[PDB]
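Per PDB author numbering, residue 1 is the first one in the sequence shown, and the count goes up by one each step.
Below is one structure, written out as structure tokens; comments come after it.
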Amino acid sequence: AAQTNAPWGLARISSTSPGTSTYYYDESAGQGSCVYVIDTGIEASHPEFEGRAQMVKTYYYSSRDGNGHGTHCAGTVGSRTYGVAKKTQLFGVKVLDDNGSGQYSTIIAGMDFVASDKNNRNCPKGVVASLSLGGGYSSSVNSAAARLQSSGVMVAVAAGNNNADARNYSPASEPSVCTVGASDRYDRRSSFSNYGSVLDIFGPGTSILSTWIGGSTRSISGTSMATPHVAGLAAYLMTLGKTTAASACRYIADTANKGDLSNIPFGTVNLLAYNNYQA
Ligand SMILES: [Ca+2]
Ligand SMILES: [Ca+2]
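Take a look at the structure:
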């Protein structure tokens, strides 16, 4: 399948080169897989989700996304127009308030919840969790992420936006999960992207168009935007049978575009997520 005039990041993930505008992908498109978006919530009624999204848990008074961030991320995972895996199932877990803040104890609870909840869902092709959040180093936060991964969920987390070594940030610094940095249109590390030896992969994170609340759309930037590209890619690859939750991060690193990025500090991987799609 091919999506013409696609958002630049979708084109980027299906190309060996920057500057293309068509997103090429297998029509299986992640059907059979499930992605948990742990964030501010998801506006499940947005037409772009096509009834494939649902809220499954809140930690606040309401289950609605009053912020937009969670909806944007979800849209990059699996909306019709803006998503990597256009037929995946989306589940929203609202751990962040409408200001986009959360306490670590509630994000830990949200991770433990997913590890359990996936056992009552029909996800024949596998389960992914996308965490476009983080703060200062916390061993308890890292351990929650490690548990989620070990339960059999592909965990993808944002590297963070401090232009610093991600080793000081959680859950970014947990080695066992898939830590994602951000790149721009021109194959440059995004100027705000964290780096360091803990990063596993880069995805598109500058000026990413996706869904927003109120049934709208918006372009925003961050490692928060890069993360769902990789979460969506994993979902896509698991339904193709190429990889499993336990080895998806390694598989995407093994099959990435290598050495394409500029502004990569010595000691950080030079790997950009790529779907390897072949007509
Ligand atoms: Ca290249
Ligand atoms: Ca890792």
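Virtual Cβ for every residue (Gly too), placed ideally from N, Cα, C.
Under a three-way DSSP split, which group does residue i fall into?
i	result
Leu90	strand
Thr217	strand
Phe192	coil
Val114	helix
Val56	strand
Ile208	strand
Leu10	helix
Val37	strand
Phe202	strand
Have a look at residue i and residue j and give me their C-alpha separation to the nearest angstrom.
i	j	result
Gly66	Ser247	35 Å
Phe49	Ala159	26 Å
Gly51	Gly205	26 Å
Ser143	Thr268	23 Å
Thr211	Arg64	15 Å
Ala234	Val177	13 Å
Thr227	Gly75	12 Å
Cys34	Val128	6 Å
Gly110	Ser170	15 Å
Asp200	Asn5	29 Å
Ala115	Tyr251	22 Å
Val155	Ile108	13 Å
Could you work out which residue in the options is closest to residue i when comparing CA atoms only?
i	options	result
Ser17	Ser193, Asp184, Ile213 and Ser132	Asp184
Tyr25	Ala231, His46 and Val84	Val84
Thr179	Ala74, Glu43, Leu133 and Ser79	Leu133
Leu240	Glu43, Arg218 and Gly126	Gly126
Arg218	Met55, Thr58, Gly136 and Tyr82	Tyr82
Since I believe residue j is in contact with residue i (beta carbons under 8 Å), could you give me their beta-carbon distance rounded to a whole number of angstroms?
i	j	result
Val198	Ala166	5 Å
Using a threshold of 7 Å, is the CB atom of residue i nearer than that to any non-hydrogen atom of ligand 4?
i	result
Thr179	Ligand 4 is absent from the structure shown, which contains only ligand 1 and ligand 2.
Exercise for review: Entirely within the segment 224-260 and at least 4 residues each: give me those alpha helix (DSSP H) ranges in chain order.
Suggested key: Fully enclosed alpha helix (DSSP H) runs of 4 or longer: 248-254.
**Study point:** Sequence ranges, beta strand (DSSP E) only - wholly within the segment 111-174, length at least 3
**Key:** Secondary structure in the segment 111-174: the beta strand (DSSP E) runs of 3 residues or longer, each lying completely within the stretch, are 126-131 and 154-158 in chain order.
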